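Form deposited in one PDB entry, single chain, as structure tokens, below.
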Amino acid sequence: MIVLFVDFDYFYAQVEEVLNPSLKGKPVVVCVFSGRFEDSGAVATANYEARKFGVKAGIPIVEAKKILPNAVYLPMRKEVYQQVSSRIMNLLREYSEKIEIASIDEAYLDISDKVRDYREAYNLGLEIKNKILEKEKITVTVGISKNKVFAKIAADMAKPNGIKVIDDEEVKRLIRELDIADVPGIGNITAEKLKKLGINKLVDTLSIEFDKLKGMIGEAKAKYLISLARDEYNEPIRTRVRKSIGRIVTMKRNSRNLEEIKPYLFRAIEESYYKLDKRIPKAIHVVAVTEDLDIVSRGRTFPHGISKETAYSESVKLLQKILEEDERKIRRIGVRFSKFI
């Protein structure tokens, strides 16, 4: 089997260059302003020019300005990136339609039925890198190997504007050499639990006996890692259906007064219904972020679908529920609809 993985580069920023190419050559930061104070918020992505000087995702806008005060700071326009992505996805559809859309930025492709070997795949790689570049002026990175995981790894190695192959062999070394934290699905929290078990490398998994492993990470995380290191990981590609929709918004100031908060919440809902389009949810959660960045949620599943009118009233019941249980102030509030039909 041959999987081809595609990650678009500094994607929001890149789209921003493509739309105003005067930007090409300057450091660019797409960021998301909360508006509690002037230039509050966080960086979403930045082009490589900016990333050189340590300006990347997650970091606060304030601290990006301490480094690169003469850079360009644009508000995120997600909906645009969304359409552009969609276009790009349709180019790939007609290169193979055994296709998994991971994120806005990433997709996998079975091309067993189109290529025979890693040579002629690479070719498919470049045809695509190119097709996309010509059609949309977008640089991407392409990774290829025998399954989804190693494809994704291939790309991470090759970033940016790269293309890389990890043949049925070189897996070998990675299973021995490659750091466990650079494995997809292993964030800091999980990585540190494994370092704490003397597993800094994908092969160490077999030394330990499963049941201790399972207890500390989880059955599926364990199985996942074991199959990788053992080499039987061969999860397929498929199309993936959206199961959940919802927005979550930041308030002017932390609060526990219901009347101050409800408006913010009614924005989240209406946006969510606009976004729902034709589909109808049976479940609704309300979600609050505390002043010290903790998340609580309360929800409810209905035996039937949910009208706009219902959602409005039911959400108030849940925020009321959140308020008398958790005593902290609320920083951000919002909703999430689940369980369509």
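Counting begins at 1, following the sequence as shown. Take the two forms, find the largest set of C-alpha atoms that superpose within 1.5 Å, and that set is the rigid core.
Only in words, not in the display: the form deposited in another entry, which the text now covers.
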Rigid core superposition between the shown form and the other one: residue from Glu235, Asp167, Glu219, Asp156 with Cα shift of 2 Å or more: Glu219
Shift of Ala191 between the shown form and the other one at or above 2 Å (CA, core fit): yes
Large Cα move at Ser207 between the shown form and the other one, threshold 2 Å, rigid core: yes
C-alpha of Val32 moved at least 2 Å between the shown form and the other one on rigid core: no
